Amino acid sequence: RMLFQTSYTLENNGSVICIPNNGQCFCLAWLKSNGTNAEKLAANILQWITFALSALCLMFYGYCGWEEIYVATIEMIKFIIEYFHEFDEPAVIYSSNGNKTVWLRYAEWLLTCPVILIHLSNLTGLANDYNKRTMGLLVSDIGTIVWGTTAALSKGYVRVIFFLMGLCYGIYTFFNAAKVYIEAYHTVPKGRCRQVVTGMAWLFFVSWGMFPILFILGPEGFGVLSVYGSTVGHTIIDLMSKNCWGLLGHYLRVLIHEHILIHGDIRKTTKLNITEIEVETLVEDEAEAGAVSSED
């Protein structure tokens, strides 16, 4: 069911491979098994569960809010292609140096990275402005993915160097993402909204941190994980990274907008020092509306 040459004869005591001259590409490297049927079964179950969660989040969002729906949209399109042509090129790229590259995964990443990072820069949903920091986040994150994708298509020392270049860009991304979540926390009202921001920070850093770990573990790295192995790993962190995070995002947004519906937009001036940063703290009391220099 591959559309490369799968049938060959070994000749001159296996020193020569003879293949039909039917125009089809050939490489023994491509024919290495994708893993055990147990690995494959586990992967097909988690994919359906991903399709189901993608479906329910979307219809739920149906009852502003564009960043969460899109990530679930891209996720569903991904599953329809996986269901029919998961291991067909170009969902997997079978290349001249013998690599298998899951282009399907990196494509989704590039597509939704602006969406996620815009949403990172808008947790409350109140802002009509994005700071200079947002822009550095997008530049660094897209570089990360571009270097990483290059590293996956490469081998030997060239793969090493592009992975290192991806890590350098990635560090810049993580550093600046951390400040955003710090500002978000001290901006939102003191009650349930700060529980949810905390929840989203945890999901973000753990799920995003697991991607370079699964790169090193997978066929693109030291080949510890098989291809089905890698798929299963990806489905777990995919569920956390996309569906769940945007669901927590929408929830937060709802809570914040309902705060404006009841108490109204009552900002403060919490001057942080984690530097000499500032923040506009939404509060439920009209009285509270002054400068609270909370030097951390």
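For every residue, the number given is its place in the sequence shown, counted from 1.
According to the record, no deposited residue between residue 10 and residue 11 is left without atomic coordinates. Per-stretch averaging of Cα B factors for 257 to 265 and 33 to 41 places 33 to 41 on top. If you average the C-alpha B-factors over 239 to 247 and over 42 to 50, the higher value belongs to 42 to 50. Residues shown: 121, 154, 96, 112. Highest C-alpha temperature factor in the entry: 121.
In the deposited coordinates, the residue among 84, 204, 147, 106 with the greatest CA B-factor is 84. Among all modelled residues in this chain, the alpha-carbon of residue 174 has a temperature factor (C-alpha) in the highest third. Ranked against the other modelled residues of its chain, the C-alpha B-factor of residue 69 as given in the entry falls in the highest third. Among the modelled residues of its chain, residue 89 has a C-alpha B-factor that falls in the highest third according to the deposited record. Sorting the modelled residues of the chain by their CA temperature factor places residue 59 in the highest third. Per the PDB record, residue ranking by Cα B-factor puts residue 77 in the highest third of the chain.
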